Amino acid sequence: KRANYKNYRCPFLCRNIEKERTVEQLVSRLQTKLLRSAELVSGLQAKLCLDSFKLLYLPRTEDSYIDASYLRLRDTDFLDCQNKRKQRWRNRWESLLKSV
Amino acid sequence: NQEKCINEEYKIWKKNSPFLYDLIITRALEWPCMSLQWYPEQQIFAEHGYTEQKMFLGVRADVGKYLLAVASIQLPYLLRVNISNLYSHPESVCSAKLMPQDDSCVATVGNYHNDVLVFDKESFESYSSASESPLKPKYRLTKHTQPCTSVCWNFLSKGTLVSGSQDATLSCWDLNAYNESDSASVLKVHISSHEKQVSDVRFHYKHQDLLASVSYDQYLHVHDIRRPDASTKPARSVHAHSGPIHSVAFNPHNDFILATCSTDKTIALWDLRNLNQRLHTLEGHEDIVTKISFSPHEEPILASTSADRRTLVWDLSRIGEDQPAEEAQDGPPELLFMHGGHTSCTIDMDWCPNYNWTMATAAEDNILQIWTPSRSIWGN
Amino acid sequence: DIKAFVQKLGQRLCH
Amino acid sequence: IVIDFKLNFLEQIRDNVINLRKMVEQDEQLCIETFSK
C-alpha cells in the first residue's frame, strides 16, 4: 500500500469475517468462495458526476451474488437453535436486568 | 474531498461481501425511495423455485411530483427486482403503509400537505392509465394546521388511523364512521400533550389499551384512549432522552418491551411495568440515528439505521457477556452486524416477514438492496 | 507425473 | 506530412482466477509433449 484523502472508518465489522491465519490464505478462501458460488451476476454499472464525485447508478441494472450454502439451509434446526436459544437467554437477561 | 473516500469504502465493502452475506441483491432504481413494506404472504412456484414476493414503495420522481409503485422480487424457495404498475400519487408521500386486515387499503401523508389521504381498491381500479390530473383519493381527512409526520393502522379492531402533525398534537380518526355529509365526525379523538414537533407515533400489537408517541420536546408519551381526559395530559410522559427523538418500535412477541431513539446516538430500550429508568442504553452509532425496527421473527433482534450510513443489527440477549479483549474494539457485545454497502443514507429499511434474516434497505442515490447476513454470524 | 513436476515447480516458484 | 463503472470486482477476481488456471494447463500440456522427446 501507501500511507500518503483518508477519513476511512470501515465498511464492515471485522469480527464477522473471522476465519483465516495468513492473508494469502484469506485471498485463496475468497477465490474458492467465488468459484463454487451458487449464483453470481454483475449487471450493475454507474457513472461519475463531473466535479461532484458521486456515483450515478444507471437504472435497470442490478448485481446479485448468492453463496452455495444459502440454498442448503434447512428450517428445522434453524429456528430451533436460533430462536430458542435467543428467547430463553433474553427472558433470563430481562428478568435479571429488571431488578434494579 | 469526502466522496472519493466513500467510493473507496464502497469498493472495499463490495470486495469483502462474499464473507458477510449469503445473498445480496442491489437493483438500481429510477427515483429516490421514501417508504417500504412487504406484502404479507407469498405466491410460490415450487418446481420453478423462484418464489414471488411483493412490496409497495413510494418515490419522489421530481420536485413536487411524487408517485407510488409496487415491486416484485424473485427469491429462491429453499433474481431480479421487477417494477410493477405505477400510480402517480397526487401529493407527497412519506407514510405509505398498508393495513394488515386486508392488503389493499392505503393511507399516505405528505411532508408539505396538511391533510391525510386514504385510498382504497376503488381508487386503484378507477385509476385510468391516462390521468392527466393525478389519482383520485378515496377520501382526504383535514383537521391539522401544518404538515403531518407519521401514520399507523390498528391491529385488533379494523378502522382507525392515528397521526401526529406539526402542531405537536395527535389525532386519531375512525374510518368506519366516515360520512362526507359530516366530515367532522371522523375524529375519534385528538390529543394535546406535546409542545413542539411531534415526530413519531405508533400503535400496539396486543393493543392492550395502548398507544405511543414522541416529539422534539424530549418526551415519550404513552396514552390510553379509553380514559375520559386522555386528550390534555397523557398517562405516561417519561423524559427519557437528550436530543430530538426520531422513532419508536414496539415488540411483536412480548408486549412489554419498547425502544426509543434520538440524536443521542443511543437507542434506549424501555420496559412498561416500571417506566422510569432505561433498562440498557445502546451505543455503537457515530451520528444521528433515525430508523429503529424490531424483528417480526425474534424477540430481541433489533435493527437501527443512522446518518453514519450504516445499518446496525443487534442481539439484545448478549447484554453483558464474556467476550475476549481482542474483539472488544469493534464495539459492545450487543452489536451483531453492520451493513455499509450504501454510498448514500438509507431512507427506509424493512424486514421481510416470510424469510428469516432478510432485509430490504432503500438508499438515497436510487438504490434498493435485499440482503441476508451469513449463517456464520447468526448461527452457533 | 509430468504434471506433478509442474505443480511442484509452480508452488516452489510461486513468489 | 502531419497526421489528422460496471462496478464488477467479484467478476474481475473470478476472471483472474480462471485465466491463471488456463495458463497453468497450457504449460502443463507443453511439458507433456516436450519431455517425451
# chains A, B, ... in the order shown; residues from 1 in each chain; ligands from 1

$ interface_residues --of "chain D" --to "chain B" --cutoff "10 Å" --atoms "only C-alpha atoms" --output "count of residues only"
5

$ interface_residues --of "chain B" --to "chain A" --cutoff "7 Å" --atoms "only C-alpha atoms" --output "ChimeraX atom specification"
/B:1,3-5,9,13,19-20,22-30,78,279,298-300,317,327,330,337-340,377,379

$ closest_residue --among "A:50, A:77, A:24, A:32" --to "chain C" --atoms "only C-alpha atoms"
A:24

$ atom_distance --atom1 "atom CA of residue B:76" --atom2 "atom CA of residue B:39"
16.7 Å

$ residues_around --residues "residue C:1" --least-positions-apart "5" --cutoff "10 Å" --atoms "only C-alpha atoms" --output "list in words"
residues 6 and 7 of chain C; 32 of chain D

$ write_last_selection --atoms "C-alpha atoms" --output "PDB file, in the first residue's frame"
ATOM      1  CA  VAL C   6       4.722 -28.602 -12.961  1.00  0.00           C
ATOM      2  CA  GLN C   7       2.699 -28.163  -9.767  1.00  0.00           C
TER       3      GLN C   7
ATOM      4  CA  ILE D  32       3.898 -33.288 -21.573  1.00  0.00           C
TER       5      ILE D  32
END

$ residues_around --residues "residue B:240" --least-positions-apart "5" --cutoff "9 Å" --atoms "only C-alpha atoms" --output "PyMOL selection string"
chain B and resi 218-220+260+268+276-278

$ select_by_dssp --residues "stretch 38-87 of chain A" --states "strand (DSSP E or B)" --output "PyMOL selection string"
chain A and resi 39-42+48+55+62-66

$ write_last_selection --atoms "C-alpha atoms" --output "short mmCIF file (atom, residue, chain, number, x, y, z; two decimals), in the first residue's frame"
data_model
loop_
_atom_site.label_atom_id
_atom_site.label_comp_id
_atom_site.auth_asym_id
_atom_site.auth_seq_id
_atom_site.Cartn_x
_atom_site.Cartn_y
_atom_site.Cartn_z
CA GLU A 39 -25.16 -17.55 -8.29
CA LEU A 40 -23.11 -14.53 -9.39
CA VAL A 41 -24.39 -11.64 -11.51
CA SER A 42 -22.77 -8.26 -12.07
CA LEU A 48 -19.18 9.60 -12.16
CA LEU A 55 -21.79 7.71 -8.36
CA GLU A 62 -28.60 -4.89 -10.88
CA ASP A 63 -25.99 -7.08 -9.21
CA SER A 64 -26.65 -10.32 -7.34
CA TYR A 65 -24.44 -12.86 -5.60
CA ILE A 66 -25.64 -15.96 -3.71
#

$ closest_residue --among "D:11, D:3, D:23, D:31" --to "residue A:35" --atoms "only C-alpha atoms"
D:11

$ select_by_dssp --residues "chain D" --states "helix (DSSP H, G or I)" --output "PyMOL selection string"
chain D and resi 9-34

$ residues_around --residues "residue C:9" --least-positions-apart "6" --cutoff "12 Å" --atoms "only C-alpha atoms" --output "list in words"
residues 2, 3 and 15 of chain C; 24, 27, 28 and 31 of chain D

$ write_last_selection --atoms "N, CA and C atoms" --output "short mmCIF file (atom, residue, chain, number, x, y, z; two decimals), in the first residue's frame"
data_model
loop_
_atom_site.label_atom_id
_atom_site.label_comp_id
_atom_site.auth_asym_id
_atom_site.auth_seq_id
_atom_site.Cartn_x
_atom_site.Cartn_y
_atom_site.Cartn_z
N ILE C 2 4.55 -35.93 -15.07
CA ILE C 2 4.99 -34.71 -15.74
C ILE C 2 4.05 -33.55 -15.48
N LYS C 3 2.91 -33.80 -14.84
CA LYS C 3 2.02 -32.75 -14.37
C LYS C 3 2.13 -32.49 -12.87
N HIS C 15 6.39 -17.21 -5.59
CA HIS C 15 6.71 -15.82 -5.31
C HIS C 15 7.80 -15.29 -6.23
N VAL D 24 -1.87 -22.33 -16.47
CA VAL D 24 -1.24 -23.50 -15.86
C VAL D 24 -1.49 -24.74 -16.70
N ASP D 27 0.89 -24.66 -19.98
CA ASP D 27 2.27 -25.14 -19.86
C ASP D 27 2.33 -26.59 -19.36
N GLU D 28 1.31 -27.03 -18.63
CA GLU D 28 1.26 -28.42 -18.22
C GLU D 28 1.12 -29.36 -19.40
N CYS D 31 4.84 -29.18 -21.45
CA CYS D 31 5.85 -30.08 -20.92
C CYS D 31 5.52 -31.54 -21.16
#
